Each structure stands twice: as structure tokens, then as C-alpha cells.
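Residue numbers (the deposited numbering), protein chains in the order written: chain C, 160 to 245, 253 to 256; chain A, 500 to 502, 519 to 548. To start, the structure itself, in C-alpha cells.
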Ligand SMILES: *[C@@H]1O[C@H](CO)[C@@H](O[C@@H]2O[C@H](CO)[C@@H](O)[C@H](O)[C@H]2NC(C)=O)[C@H](O)[C@H]1NC(C)=O
Ligand SMILES: *[C@@H]1O[C@H](CO)[C@@H](O)[C@H](O)[C@H]1NC(C)=O
């Protein structure tokens with residue numbers, strides 16, 4: 160579970176526990192409009208290639224990125240948020 | 500979860532019971548296991 164940057168619990172971090180940096184395949188940062196109402200996302204896979212589309216302004220979405228994994232994705236979670244003052255929809 | 520796949524999963528008498536199903540590799544994929 161993830162926490163907020165205003166008033167969190169005692170744990171403050173529950174994503175991973177590994178100390179050493181593991182081998183990765185893709186790690187990037189993107190920017191989005193802060194003064195926005197809704198954020199639209201389109202994730203899918205085809206022939207072992209994972210495609211992702213993102214949009215912050217407007218209803219239609221635009222291409223964001225695409226990578227190669229070689230396997231078949233099975234499950235997905237939401238990582239519930241734990242905060243002290245907060253409304254939150256997904 | 501816990502478990519017959521006996522005696523072998525390749526030459527099993529009842530393939531509908533063992534969870535290790537027989538599948539083929541598609542396009543742009545690897546051997547599942
Ligand atoms: C993507 O941005 C995040 C911050 O939004 C970066 O994380 C920070 O990285 C710096 C430098 O490594 C650290 O000093 C901070 O402590 C990090 N903050 C957090 C919250 O982890 C991240 O490094 C960026 N990634 C890339 C590839 O640029
Ligand atoms: C963010 O959205 C607001 C209204 O939703 C708009 O006025 C502003 O120009 C947008 N900023 C960017 C950088 O898109």
C-alpha cells in the first residue's frame with residue numbers, strides 16, 4: 160500500500176522491501192497537467208508487446224509508450240492509498 | 500494452493532486432473548515452463 164506526502168501512517172512505505180537495485184528493463188518519468196480533472200489511460204498487450212496510451216486534457220487518448228516483455232501479463236492491482244486527511255476514485 | 520500428475524505430467528493417464536496443462540507457444544512468446 161502507498162501513502163500520501165502530507166500525513167501518513169507509521170510504515171510510510173509498503174511497495175517493495177528489496178535493498179539492492181534489481182535488474183530492470185524500462186524506467187522513465189513523464190509529466191502531466193496538475194490542474195486537471197480526469198486522467199485517461201489505455202493499457203493493452205499484443206504479441207508480447209505492451210502498449211500504453213495516456214491523456215490529461217480531452218477525452219481521447221494519445222500514444223504514451225510501448226515496450227517488449229516476451230511474456231503474458233495476467234493480473235493487475237490498484238495499490239490502495241493510506242492517508243490521514245482526504253473523494254478518491256479509480 | 501496445495502495439490519495428482521502421477522506418474523508423469525507428460526504421460527499422465529488423466530490429463531484433465533493435473534494442473535499442468537499442455538499449451539503451444541504463440542507468436543512473440545517464450546516457453547511458459
Ligand atoms: C523520476 O522522478 C522521481 C521523483 O519524482 C525520481 O526519484 C527521486 O530521485 C532522486 C535522485 O535519484 C532522489 O534523490 C529522490 O529521493 C527520489 N525521490 C523519490 C520519491 O524516490 C526518480 O529518480 C526519477 N527517475 C528518473 C529515471 O529520472
Ligand atoms: C491544464 O488544464 C487547465 C484546465 O484544465 C488549463 O487551463 C491549462 O492550460 C492546462 N495546462 C497544461 C500545461 O496543459
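All residues carry an ideal CB built from backbone N, CA and C; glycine is no exception.
Original post:
Taking the DSSP output, what are the residues bridged to residue 232 of chain C?
Top reply: In the first chain, counting from the first residue as 1, residue 232 of chain C sits at position 73. DSSP lists no partner for residue 232 of chain C.
Original post:
Could you check where the beta strand (DSSP E) with residue 214 of chain C kicks off and where it finishes?
Top reply: Reading the first chain from its first residue, position 55 is the one you call residue 214 of chain C. Element bounds for residue 214 of chain C: 208-214.
Original post:
Excluding sequence positions up to five away, which residues of its chain have a Cβ less than 8 Å from the Cβ of residue 254 of chain C?
Top reply: Locating residue 254 of chain C in the first chain gives position 88, where the first residue counts as 1. Cβ within range, chain order: 240.
Original post:
Does DSSP put residue 205 of chain C in a helix, a strand or coil?
Top reply: As a working mapping, residue 205 of chain C is identified with position 46 in the first chain. Three-state DSSP puts residue 205 of chain C in a strand.
Original post:
For residue 184 of chain C, does the three-state DSSP call read helix, strand or coil?
Top reply: Counting from one through the first chain, the residue named residue 184 of chain C turns up at place 25. Under the three-state reduction of DSSP output, residue 184 of chain C falls in the coil class, being neither helix nor strand.
Subject >> Inter-residue spacing [alpha-carbon to alpha-carbon] between residue 181 of chain C and residue 229 of chain C >> reply: In the first chain, counting from the first residue as 1, residue 181 of chain C sits at position 22. In the first chain, counting from the first residue as 1, residue 229 of chain C sits at position 70. Approximately 19 Å, taken between the alpha carbons.
Original post:
Does the beta carbon of residue 214 of chain C fall short of 7 Å from some heavy atom of ligand 2?
Top reply: By one-based count along the first chain, residue 214 of chain C stands at place 55. Checking the 7 Å criterion, the Cβ of residue 214 of chain C is out of range of every heavy atom belonging to ligand 2.
**OP:** Give me the Cα-Cα distance between residue 538 of chain A and residue 527 of chain A, rounded to the nearest whole angstrom.
**Re:** Residue numbering aside, residue 538 of chain A sits at position 23 when the second chain is read from its first letter. Residue numbering aside, residue 527 of chain A sits at position 12 when the second chain is read from its first letter. Across the structure, residue 538 of chain A and residue 527 of chain A are spaced so that their CA atoms are roughly 15 Å apart.
**OP:** Spell out whether any CB of chain C is found under 8 Å from the CB atom of residue 548 of chain A.
**Re:** For the purposes of this step, residue 548 of chain A is taken as the residue at position 33 of the second chain. No, no contact with chain C.
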